[PDB]
Amino acid sequence: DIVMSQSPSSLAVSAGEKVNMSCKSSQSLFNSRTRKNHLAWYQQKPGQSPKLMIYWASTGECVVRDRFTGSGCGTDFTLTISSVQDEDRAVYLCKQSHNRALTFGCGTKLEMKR
Amino acid sequence: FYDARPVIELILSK
Amino acid sequence: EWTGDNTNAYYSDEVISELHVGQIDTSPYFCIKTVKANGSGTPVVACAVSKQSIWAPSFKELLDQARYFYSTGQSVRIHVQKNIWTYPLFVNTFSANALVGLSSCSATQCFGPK
Amino acid sequence: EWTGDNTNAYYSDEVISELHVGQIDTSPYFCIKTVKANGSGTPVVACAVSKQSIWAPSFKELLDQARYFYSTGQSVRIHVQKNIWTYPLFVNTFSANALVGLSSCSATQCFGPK
Amino acid sequence: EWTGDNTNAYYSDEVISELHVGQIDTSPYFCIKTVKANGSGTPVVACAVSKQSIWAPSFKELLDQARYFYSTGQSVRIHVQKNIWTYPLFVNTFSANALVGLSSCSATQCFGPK
Amino acid sequence: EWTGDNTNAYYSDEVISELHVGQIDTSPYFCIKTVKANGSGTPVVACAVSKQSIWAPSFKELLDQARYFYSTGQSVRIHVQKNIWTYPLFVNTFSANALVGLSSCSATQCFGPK
Amino acid sequence: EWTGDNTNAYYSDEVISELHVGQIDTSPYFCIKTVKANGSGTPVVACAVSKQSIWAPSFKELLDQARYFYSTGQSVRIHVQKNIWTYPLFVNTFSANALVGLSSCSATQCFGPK
Amino acid sequence: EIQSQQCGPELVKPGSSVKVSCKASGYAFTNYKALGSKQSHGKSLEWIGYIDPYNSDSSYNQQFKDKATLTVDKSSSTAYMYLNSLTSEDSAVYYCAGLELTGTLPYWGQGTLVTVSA
């Protein structure tokens, strides 16, 4: 019942440029009890299973390779990936954790500029 | 913003 | 005896939907009904009487708590003990379980014995 | 005894419309009159006395619920037992049946004895 | 004794406006000040000492109910008994009446003894 | 002893702003902290020990009235009896007062022993 | 004894994020999980049993106060006396501390025994 | 290393059933809740349902309630998922995650492509 509007649907940046990735949900995700934001960012290379990148919309996982930390807002997040290299062409998704009915975003495809 | 329905039933009950 | 023994069952991520009070064997009895709060599952009925089982010293504290969770309609973990009541006209009408605890479950993880 | 035998009686889909607590014969008591939520049928009045009936022990539990369902306004399946009182003038103003139970009726089913 | 005796008086369309819980002679008490819901008449006070008069057992039940009608602000009809309390500085402070009952009031008539 | 004796002081138009509960010498208590209407004067801590003073019977009635007023946050008037509980560190923490009464104050005039 | 002894502890600016009512050794217990008001720190748990420790005479006063501080979800100070209950399953599941009071934090600082 | 292993690709007839598995090893099987996700050709994931390996207390989606069934084996340390009344629009890849206590899925399966045709 919580929709996730991921944008853009497909992106292409030049190597050595910072990258932005936006998300949006129908309602807030901050839990006044746990005092955290229950949103995450995933990475899925073509043919591979996805891989977790951020815990609570701001803290990356153990093996993260110096990524970004989403804006700790209610239902608005940005700054998923950074420092694009030759191996950072994958599919980046999002997900909620406000309840057990986990809803995933649409997606985002990174490519190269010409 | 907390639901006032349990907080109201808490002070009126008993 | 303890609420969180290995002999007690628990249904996490439930919401209380229907309440009922009465009196049986000269003892008062309340009763609650729970359904899964995140899409589907199996409804489970469980409730305690004031002077019947070994959980009788807790009827007053559990009735005040079950009416607290029925009021807000939040997700809770319920600890029960199956096959407690034996009255056929009442076992076949409500349940055979006995409420022995009421935890408060957060977004994805609950707070209580496992 | 129990609030759901054939010797008892109920009026399903009802809604607690009025409530009256007082004192008769050195004993408190409370009574409710039940009218539908659509303007139909004849109102049904029930009573319960603290120490002048067989529904004495559950007086405090029923008063907690009859005062809760009276505030939520939801449809309540209210059970009774006919011809339990004897005071001639007391019946000429409130009722002659007892108050035994208080279910929580749903739009389709009714979580209670029948 | 009864709440609807001809000896006991009754006042209709009474909205409880105040509340005061103290203690006198090693026994707590409470007094309510009911006011007409229209603006006419005079405000009548009806105390209830814990264990002093014949209306002793219903102190706890009439204190829970006097706090309900005082919060929701719904119009009720109260019944009292005059010339009960006799302490000089106590009668001159609130009243000499004793709260005996509390009947709810509908749009047309009251749910009380007449 | 009466709540409205001459040896008792009172402060009108107070607002219960802090509620601290606890226990000293195998007896629960609660020391509310009340401020004035428009933030004038000084705060007044007024404890109430369950089984240590002569105001012990009304500990339960004063707790429910001091919690109902702390939640709604409306004008009150408290009566206290100073110079009790000679315990050194206790007085340095809260006060040398004991909660004796709690009246509900209206816009212009309160309702209780002046 | 006293809540604010020199052998106690205190955690200002915490939040009662969860609540579990149950029973152990024919004695209802209740635990509370306290997360920091800014999501930092570690989950501090402190249970309370009705008839086990020397703080037993204040079980019903702490059960009704935690259940109200859990609804409003405001910031408080939880006083704990560690190393009380020695049940190993109870300790690793909940805590080794002991709830011995519940203050009310303010905009400036908490009111209660330092 | 904690890792989940799934079955290979499947190909059945419309109206038949299929039993997907998810083998996990390297930890206590009753520690993490295992969900079930479906990824269509549009890469948009959609949860099917979860099940606690301790109680087998499952909960299904409002769309896959009358189509799927979750089952957990505590002896063989593997989960299952059944899919009855298969139609042409139920062709996708099915995953098998695991809930860490932080509210995220660090371990996933490896994919199981299921296609239905005649």
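See the structure printed just above.
Residues numbered from 1 in each chain as written, not as in the entry; some residues may be left out. Chains lettered and ligands numbered in written order. Heavy atoms only, no water.

Colleague: When you look at the pattern of salt bridges in this model, what are you seeing that I'm missing?
Modeller: Pairing between side chains of opposite charge can happen when their charged atoms approach one another. Considering all chains together, one arrives at 15 salt bridges over all chains under this definition. Of the charged contacts in the structure, one is a salt bridge between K60(G) and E61(C), with a shortest N-O distance of 3.7 Å. Of this pair, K60(G) sits in helix α1 (residues 59-72) while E61(C) sits in helix α1 (residues 59-72), each in a different chain. Of the residues examined, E61(C) reaches a relative accessible area of 7% and is grouped as buried. Across the pair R67(G) and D64(G) runs a salt bridge, and its minimum N-O distance is 3.7 Å. You can see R67(G) and its partner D64(G) sitting in helix α1, three residues apart, about one turn around the helix. Given the relative accessible area of 4%, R67(G) is considered buried. For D64(G), a relative accessible area of 30% puts it in the partly exposed group. (Salt bridge = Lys/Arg side-chain N within 4 Å of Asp/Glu carboxyl O. Helix = DSSP H or I, 4+ residues; strand = E, 2+ residues; numbered from the N terminus. Buried < 20%, exposed > 50% of the residue type's maximum accessible area, 1.4 Å probe, protein only.)

Colleague: Just to check I follow, could you spell out the pairing of strand β4 (residues 76-81) of chain D for this structure?
Modeller: Regular strands place their side chains on alternate faces of the sheet. Residues and elements named next belong to chain D. In terms of residue burial, β4 counts as a mostly covered element, since six of its six residues are buried. Residues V76, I78 and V80 of β4 are buried on one face, and the alternating residues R77, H79 and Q81, pointing to the opposite face, are buried as well. Taken together, the four bridges between strand β1 (residues 9-23) and β4 define a ladder with antiparallel strand orientation. Looking across to β4, one finds that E14 is bridged to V76. Two elements, β4 and strand β5 (residues 98-102), share four bridges in a ladder whose sense is antiparallel. Within the sheet, the bridge partner assigned to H79 lies in β5 and is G101. (Pairing = 2+ DSSP bridges.)

Colleague: How should I be thinking about the packing of helix α1 (residues 59-72) of chain F against α1(G) in this particular structure?
Modeller: The relative placement of two packed helices is expressed as an angle between their axes plus a distance between the axes. Remark: α1(F) packs on α1(G), axes separated minimally by 13 Å, with the N-to-C direction vectors making an angle of 10 degrees. Between α1(F) and α1(G), the interaxial angle falls into the category roughly parallel. Seen from α1(F), the contacting residues are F59(F), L63(F), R67(F), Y70(F) and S71(F); seen from α1(G), they are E61(G), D64(G), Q65(G), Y68(G) and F69(G). Classifying every residue of the contact of α1(F) with α1(G) gives five nonpolar, two polar and three charged. (Axes fitted to C-alpha atoms, helices over the stretch in contact; angles between N-to-C directions. Parallel < 35°, antiparallel > 145°, perpendicular 65-115°, else oblique. Contact = heavy atoms within 4.5 Å. Nonpolar A, V, L, I, M, F, W, Y, C, P; charged D, E, K, R; others polar.)

Colleague: Got a minute to help me understand the interface of chain C and chain B in this structure?
Modeller: Each partner contributes residues to the interface: chain C has five residues there, and chain B has five residues. Of the roughly 440 Å² buried where chain C meets chain B, counting both sides, 56% is carbon and sulfur surface. Looking at the side of chain C facing chain B, the largest losses of area belong to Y68(C), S71(C) and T72(C), adding up to 72% of the total buried there. Run the count over chain C and chain B and you get one salt bridge. In this structure, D64(C) engages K14(B) in a salt bridge whose closest nitrogen and oxygen atoms are separated by 3.7 Å. Between the two partners, chain C and chain B, sit zero residue pairs in polar contact. Across the side of chain C that touches chain B, the residue classes tally to one nonpolar, two polar and two charged. (Buried area = accessible area lost by both parts, 1.4 Å probe. Polar contact = N/O pair within 3.5 Å; in protein donor to acceptor, adjacent residues only side chain to side chain.)

Colleague: Is there a simple way to explain the relation of the copies chain C and chain D in this structure?
Modeller: Copies of the same chain, two in number, are related to each other by a rotation about an axis and a translation along it. Laying chain C over chain D is done by rotating through 72 degrees and shifting 0.1 Å along the axis; what remains is an RMSD of 0.9 Å. Expressed as an axis order, the relation between the two copies is that of a five-fold axis. Considering only C-alpha atoms, the residue of chain C closest to the rotation axis is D64(C), which sits at 8.5 Å. (Least-squares fit on C-alpha atoms.)

Colleague: Would you mind showing me how to read the sheet that holds strand β8 (residues 68-73) of chain H here?
Modeller: To summarise the sheet geometry, strands pair through backbone hydrogen bonds and adopt either a parallel or an antiparallel arrangement. All names here are of chain H. Spatial strand order, β1-β3-β9-β8: four strands in an open sheet with antiparallel pairing. Either end of the sheet is taken by a strand with one partner, and the two such strands are β1 (3-6) and β8. Shown here is a sheet whose adjacent strand axes are inclined to one another by a mean of 20 degrees, direction ignored. As paired elements, strand β3 (residues 18-25) and strand β9 (residues 78-83) share six bridges and run antiparallel to each other. When the bridges of β9 are listed, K19 appears paired with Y82.

Colleague: Sorry if this is basic, but what is going on with the interface of chain C and chain D here?
Modeller: Interface size, as often reported, equals the accessible area lost upon joining of the parts. Listed as interface residues are 26 residues of chain C and, on the opposing side, 28 residues of chain D. Buried surface at the junction of chain C and chain D, summed over both partners, amounts to about 2,000 Å²; 57% is from carbon and sulfur atoms. Counting every contact that joins chain C to chain D gives nine residue pairs in polar contact. For the side of chain C that touches chain D, the secondary structure elements donating two or more residues are β1 (9-24), β2 (27-36), α1 and α2 (88-91) of chain C. Looking at the side of chain C that touches chain D residue by residue, the classes come out as 15 nonpolar, seven polar and four charged.

Colleague: I keep staring at the arrangement of the chains and nothing clicks. Help me out?
Modeller: The assembly contains 14 pairs of chains in contact; the pair sharing the most contacts is chains C and D. With respect to C-alpha atoms, chain A approaches chain E no nearer than 28 Å, and the pair has no contact. Regarding chain A and chain F, the two do not touch, and the least distance separating their C-alpha atoms is 20 Å.

Colleague: Quick question: what am I supposed to make of the layout of surface pockets here?
Modeller: By volume, the second largest pocket is sized at about 1,100 Å³. Around the second largest pocket, the lining comprises 40 residues; the ones closest to its centre are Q109(C), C110(C), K33(G), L101(H) and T102(H). Mapped onto the lining of the second largest pocket, the elements with two or more residues apiece are β1 of chain C, β1 (9-21) and β2 (29-36) of chain G together with β11 (98-100) of chain H. In the lining of the second largest pocket, the residues fall into 13 nonpolar, 17 polar and 10 charged. (1 Å grid on protein atoms, 1.4 Å probe; cavity = no way out; pocket = protein on both sides within 12 Å on 5 of 7 lines; lining within 4 Å. Points joined across faces, edges and corners; volume = space filled by probe spheres on them.)

Colleague: Got a minute to help me understand helix α1 (residues 59-66) of chain D in this structure?
Modeller: Because an α-helix packs 3.6 residues into every turn, residues spaced three or four apart end up facing the same way. With seven of eight residues buried, α1(D) is to be regarded as a mostly interior element. Those residues of α1(D) lying buried are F59(D), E61(D), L62(D), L63(D), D64(D), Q65(D) and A66(D).

Colleague: Looking at this model, I keep getting lost on the packing of helix α1 (residues 4-12) of chain B against α1(F). Mind explaining?
Modeller: At a minimum axis distance of 9 Å, the contact between α1(B) and α1(F) shows a crossing angle of 155 degrees. Considering their axes alone, α1(B) and α1(F) lie roughly antiparallel with respect to each other. The handedness of the crossing between α1(B) and α1(F) comes out as left-handed. Residues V7(B), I11(B) and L12(B) of α1(B) pack against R67(F), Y68(F), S71(F) and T72(F) of α1(F). (Left-handed = near helix turned anticlockwise from the far one by under 90°.)

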